[PDB]
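In what follows, a structure is listed as structure tokens, so that the remarks can point back to it.
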Amino acid sequence: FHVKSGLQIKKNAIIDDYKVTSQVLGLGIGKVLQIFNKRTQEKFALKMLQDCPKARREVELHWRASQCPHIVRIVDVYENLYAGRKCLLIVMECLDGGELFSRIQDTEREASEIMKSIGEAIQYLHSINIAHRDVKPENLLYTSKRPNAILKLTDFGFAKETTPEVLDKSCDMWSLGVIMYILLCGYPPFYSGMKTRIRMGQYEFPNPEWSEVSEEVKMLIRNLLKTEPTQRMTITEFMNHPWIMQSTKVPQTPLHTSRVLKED
Ligand SMILES: NCCn1nc(-c2ccnc(-c3cnc4ccccc4c3)c2)cc1C(=O)O
């Protein structure tokens with residue numbers, strides 16, 4: 001009988017429990033500040049919203065999704081006044097490693113593992129009927145600069161509850177597709193009309209980036225970047241796909257991604 005706790009929105013001053021600093025760890029809707037837990041002294045990330053109903057949706061949905069290992073954990077949520085302005089302050093696990101591609105710029109097998117982790121993130125969300133939507137790289141961060149460090153998904157501002165016929169997340173699978181692409185070659189499939197080339201499904205696999213790359217991956221990216229959503233791959237299928245399912249038995253084929261990101 002495994003029952004996790006509910007969302008306690010603490011009403012007391014946040015400054016009673018943490019010391020809020022200035023250092024901004026990200027801007028994204030509303031700066032994200034680094035703060036320290038008075039009791040433990042661990043670093044945490046604080047997100048501050050105006051207490052409207054959209055903002056209570058983010059909290060709710062993030063919180064529900066927080067148990068997933070590859071989704072930035074929420075540690076507590078506060079309702080405070082601030083210049084006569086009711087607010088939702090979210091406290092999250094501090095992901096020190098920084099943004100996915102920054103860390104890149106410093107192999108196929110490595111590509112896969114990263115993609116696996118991001119899949120589990122979506123798999124979880126989908127299995128509890130949450131679409132994330134805004135699954136860009138800017139919202140994919142590592143827990144530490146350490147190489148074993150693990151990749152976790154953030155930012156639920158655009159997340160939405162989806163709640164087989166007689167019983168929206170399709171676009172998360174697009175994001176995955178795109179994120180896969182960039183990991184391999186090092187640049188988007190739709191370089192800068194770009195809006196008109198996306199609607200056509202108009203992208204190449206130009207060499208030398210994609211010369212050494214597998215047909216197995218190609219066809220997977222292809223299914224992920226299908227223009228028509230209903231044609232596009234499901235999360236469940238994605239995770240059953242051998243390339244993703246078997247990261248322990250995948251090619252260690254080198255790609256010049258770090259080179260390209262440092263380039264552009
Ligand atoms: N993705 C940008 C916006 N955004 N960033 C965060 C976030 C959450 C947790 N940790 C960080 C974080 C912490 N330390 C860092 C140190 C260096 C570089 C980036 C860092 C990012 C950032 C949350 C949100 C959000 O939920 O809106």
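Quick note on naming: the chains in the structure tokens go A, B, ... in the order shown, residues restart at 1 in each chain, and ligands are numbered from 1 in order of appearance.
The environment of residue 223 of chain A within 9 Å, counting only C-alpha atoms and disregarding residues fewer than 6 places along the same chain, consists of residues 177, 231, 232 and 233 of chain A.
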Selection as an MDAnalysis selection string: residues within 6 Å of ligand 1 by only C-alpha atoms and all ligand atoms: chainID A and resid 25:28 45 92:96 98 138:139 154:155
Could those selected residues go to a file with N, CA and C atoms, as a PDB file, in the first residue's frame?
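Generated file (again.pdb):
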ATOM      1  N   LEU A  25      19.170  31.467 -11.560  1.00  0.00           N
ATOM      2  CA  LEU A  25      19.516  30.183 -12.158  1.00  0.00           C
ATOM      3  C   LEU A  25      18.750  29.950 -13.490  1.00  0.00           C
ATOM      4  N   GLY A  26      17.864  30.884 -13.852  1.00  0.00           N
ATOM      5  CA  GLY A  26      17.106  30.810 -15.109  1.00  0.00           C
ATOM      6  C   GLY A  26      15.952  31.804 -15.165  1.00  0.00           C
ATOM      7  N   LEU A  27      15.618  32.248 -16.376  1.00  0.00           N
ATOM      8  CA  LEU A  27      14.485  33.159 -16.633  1.00  0.00           C
ATOM      9  C   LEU A  27      13.510  32.433 -17.537  1.00  0.00           C
ATOM     10  N   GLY A  28      12.234  32.311 -17.177  1.00  0.00           N
ATOM     11  CA  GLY A  28      11.349  31.564 -18.079  1.00  0.00           C
ATOM     12  C   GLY A  28       9.812  31.562 -18.108  1.00  0.00           C
ATOM     13  N   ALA A  45      16.408  25.885  -5.775  1.00  0.00           N
ATOM     14  CA  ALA A  45      15.955  26.810  -6.805  1.00  0.00           C
ATOM     15  C   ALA A  45      14.556  27.231  -6.425  1.00  0.00           C
ATOM     16  N   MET A  92      12.518  23.995  -5.708  1.00  0.00           N
ATOM     17  CA  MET A  92      12.861  22.796  -6.477  1.00  0.00           C
ATOM     18  C   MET A  92      14.261  22.320  -6.223  1.00  0.00           C
ATOM     19  N   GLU A  93      14.518  21.080  -6.623  1.00  0.00           N
ATOM     20  CA  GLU A  93      15.854  20.540  -6.542  1.00  0.00           C
ATOM     21  C   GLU A  93      16.797  21.335  -7.429  1.00  0.00           C
ATOM     22  N   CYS A  94      17.948  21.698  -6.888  1.00  0.00           N
ATOM     23  CA  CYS A  94      18.865  22.541  -7.627  1.00  0.00           C
ATOM     24  C   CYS A  94      19.698  21.741  -8.629  1.00  0.00           C
ATOM     25  N   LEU A  95      19.390  21.907  -9.898  1.00  0.00           N
ATOM     26  CA  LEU A  95      20.098  21.177 -10.930  1.00  0.00           C
ATOM     27  C   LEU A  95      21.364  21.942 -11.338  1.00  0.00           C
ATOM     28  N   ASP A  96      22.503  21.540 -10.782  1.00  0.00           N
ATOM     29  CA  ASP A  96      23.755  22.289 -10.978  1.00  0.00           C
ATOM     30  C   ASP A  96      24.388  22.110 -12.341  1.00  0.00           C
ATOM     31  N   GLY A  98      23.504  22.283 -15.314  1.00  0.00           N
ATOM     32  CA  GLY A  98      23.185  23.257 -16.356  1.00  0.00           C
ATOM     33  C   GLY A  98      22.597  22.607 -17.591  1.00  0.00           C
ATOM     34  N   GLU A 138      16.368  24.061 -23.357  1.00  0.00           N
ATOM     35  CA  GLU A 138      16.446  25.028 -22.267  1.00  0.00           C
ATOM     36  C   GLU A 138      15.811  24.507 -20.996  1.00  0.00           C
ATOM     37  N   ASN A 139      14.970  23.474 -21.087  1.00  0.00           N
ATOM     38  CA  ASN A 139      14.314  22.908 -19.907  1.00  0.00           C
ATOM     39  C   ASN A 139      14.811  21.506 -19.594  1.00  0.00           C
ATOM     40  N   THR A 154      12.343  20.200 -16.694  1.00  0.00           N
ATOM     41  CA  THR A 154      11.831  21.292 -15.881  1.00  0.00           C
ATOM     42  C   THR A 154      10.850  22.172 -16.634  1.00  0.00           C
ATOM     43  N   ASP A 155      10.261  23.125 -15.919  1.00  0.00           N
ATOM     44  CA  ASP A 155       9.328  24.108 -16.486  1.00  0.00           C
ATOM     45  C   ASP A 155       7.994  23.493 -16.894  1.00  0.00           C
TER      46      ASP A 155
END
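With only C-alpha atoms taken into account, the protein and nucleic acid residues at most 7 Å from residue 20 of chain A (excluding it and anything under 2 positions from it in its own chain) are residues 15, 18, 34, 35 and 36 of chain A.
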Mind writing the picked residues with N, CA and C atoms as a short mmCIF file (atom, residue, chain, number, x, y, z; two decimals), in the first residue's frame?
data_model
loop_
_atom_site.label_atom_id
_atom_site.label_comp_id
_atom_site.auth_asym_id
_atom_site.auth_seq_id
_atom_site.Cartn_x
_atom_site.Cartn_y
_atom_site.Cartn_z
N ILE A 15 10.92 33.22 4.07
CA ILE A 15 12.18 33.70 4.62
C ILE A 15 12.38 33.18 6.03
N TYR A 18 14.10 29.61 4.54
CA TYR A 18 15.20 29.63 3.58
C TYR A 18 15.77 31.00 3.57
N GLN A 34 18.47 31.24 -6.71
CA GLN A 34 19.09 30.26 -5.82
C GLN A 34 18.81 30.67 -4.40
N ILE A 35 18.40 29.71 -3.59
CA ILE A 35 18.12 29.94 -2.18
C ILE A 35 18.70 28.78 -1.39
N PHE A 36 18.95 29.02 -0.10
CA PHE A 36 19.52 28.00 0.81
C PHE A 36 18.60 27.66 1.97
#
Compile the contact shell of segment 61-69 of chain A as a list in words: residues with an atom at most 8 Å away, counting only C-alpha atoms, same-chain residues fewer than 6 positions apart removed.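 My reading of the contact set: residues 7, 121, 124, 125, 130, 152, 156, 159, 160 and 161 of chain A.
Between residue 173 of chain A and the residues A:191, A:205, A:238, A:101, the shortest atom-to-atom distance, using only C-alpha atoms, involves A:238.
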I need the alpha helix (DSSP H) residues of segment 4-251 of chain A per DSSP on the backbone, written as an MDAnalysis selection string. chainID A and resid 53:65 100:104 108:127 170:185 194:199 215:224 235:240 242:245
Distance query residue 253 of chain A at most 9 Å, only C-alpha atoms, self and fewer than 4 positions along chain excluded, as a PyMOL selection string: chain A and resi 107-109+212-213
For residue 142 of chain A, which of A:71, A:170, A:246, A:76 is the closest residue, counting only C-alpha atoms?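 Under the stated criterion, the closest residue is A:71.
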I'd like the contact shell of residue 50 of chain A - 9 Å cut-off, only C-alpha atoms, skipping same-chain residues fewer than 5 positions apart - returned as a list in words.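 Residues meeting the cut-off are residues 55, 85, 86, 87, 88 and 89 of chain A.
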Write the selection just made, keeping N, CA, C and O atoms, as a PDB file, in the first residue's frame?
ATOM      1  N   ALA A  55      -1.323  29.505 -12.473  1.00  0.00           N
ATOM      2  CA  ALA A  55      -0.176  29.175 -11.621  1.00  0.00           C
ATOM      3  C   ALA A  55      -0.448  28.022 -10.621  1.00  0.00           C
ATOM      4  O   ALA A  55       0.448  27.248 -10.284  1.00  0.00           O
ATOM      5  N   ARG A  85       0.515  41.483  -3.215  1.00  0.00           N
ATOM      6  CA  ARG A  85       0.379  40.579  -4.346  1.00  0.00           C
ATOM      7  C   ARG A  85       0.585  39.116  -3.874  1.00  0.00           C
ATOM      8  O   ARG A  85       1.703  38.692  -3.588  1.00  0.00           O
ATOM      9  N   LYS A  86      -0.520  38.378  -3.787  1.00  0.00           N
ATOM     10  CA  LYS A  86      -0.527  36.968  -3.429  1.00  0.00           C
ATOM     11  C   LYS A  86       0.392  36.195  -4.392  1.00  0.00           C
ATOM     12  O   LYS A  86       0.437  36.479  -5.577  1.00  0.00           O
ATOM     13  N   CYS A  87       1.156  35.235  -3.878  1.00  0.00           N
ATOM     14  CA  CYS A  87       2.162  34.535  -4.701  1.00  0.00           C
ATOM     15  C   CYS A  87       2.345  33.064  -4.402  1.00  0.00           C
ATOM     16  O   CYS A  87       2.214  32.621  -3.274  1.00  0.00           O
ATOM     17  N   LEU A  88       2.675  32.318  -5.440  1.00  0.00           N
ATOM     18  CA  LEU A  88       3.047  30.950  -5.274  1.00  0.00           C
ATOM     19  C   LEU A  88       4.534  30.841  -5.489  1.00  0.00           C
ATOM     20  O   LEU A  88       5.035  31.121  -6.574  1.00  0.00           O
ATOM     21  N   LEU A  89       5.243  30.442  -4.443  1.00  0.00           N
ATOM     22  CA  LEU A  89       6.675  30.241  -4.509  1.00  0.00           C
ATOM     23  C   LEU A  89       6.876  28.741  -4.549  1.00  0.00           C
ATOM     24  O   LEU A  89       6.329  28.036  -3.723  1.00  0.00           O
TER      25      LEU A  89
END
Can you tell me, as an MDAnalysis selection string, what residues are no more than 10 Å from residue 228 of chain A when counting only C-alpha atoms, ignoring any on the same chain fewer than 6 positions away? chainID A and resid 170 199:201
Work out how far atom CA of residue 183 of chain A is from atom CA of residue 244 of chain A, in Å to one decimal.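 One can read the atom CA of residue 244 of chain A to atom CA of residue 183 of chain A distance as 13.9 Å.
Atom to atom, atom CA of residue 105 of chain A and atom CA of residue 258 of chain A stand 4.4 Å apart.
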